[PDB]
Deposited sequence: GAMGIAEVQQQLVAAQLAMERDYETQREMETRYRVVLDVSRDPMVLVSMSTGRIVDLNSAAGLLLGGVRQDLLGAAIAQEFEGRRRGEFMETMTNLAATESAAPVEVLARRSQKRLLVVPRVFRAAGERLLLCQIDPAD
């Protein structure tokens, strides 16, 4: 049933056409995402897992970027993805999972 929840998560995340990136609050790094998000970011899953999310967006740095997100998730950010050169909108939500916080980020084309 541990195996079942992981599987249900994996399937729901990968099938959903809603572009989503999962970010560690602790490290500002991507822990998971779906291919719809990969497509808007312009990167494959393998290159984006473990990546610092702020560094995918031109002009952004981890400190400022994570504070911006955390602040918004308390109430969209306008960004430009380096790999795809697409202008995007990012809407963050914060949730607690096993003593740890994650940012689930929804991504939408801005233009």
Stretches with no C-alpha atoms in the model, relative to the deposited sequence starting at 1: 1-24, 100-103
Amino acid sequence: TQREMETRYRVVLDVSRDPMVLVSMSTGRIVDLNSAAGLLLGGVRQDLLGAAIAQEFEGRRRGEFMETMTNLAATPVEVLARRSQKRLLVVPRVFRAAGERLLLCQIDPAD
From here on, numbers count along this sequence of modelled residues.
Given 24-32 and 66-74, the range whose Cα B-factors average higher in the PDB entry: 66-74
57-65 or 33-41, whichever carries the higher mean Cα B-factor: 57-65
Residue of maximum C-alpha B factor among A98, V91, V11, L88, per deposited coordinates: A98
Modelled-residue ranking by C-alpha temperature factor, third containing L104: middle
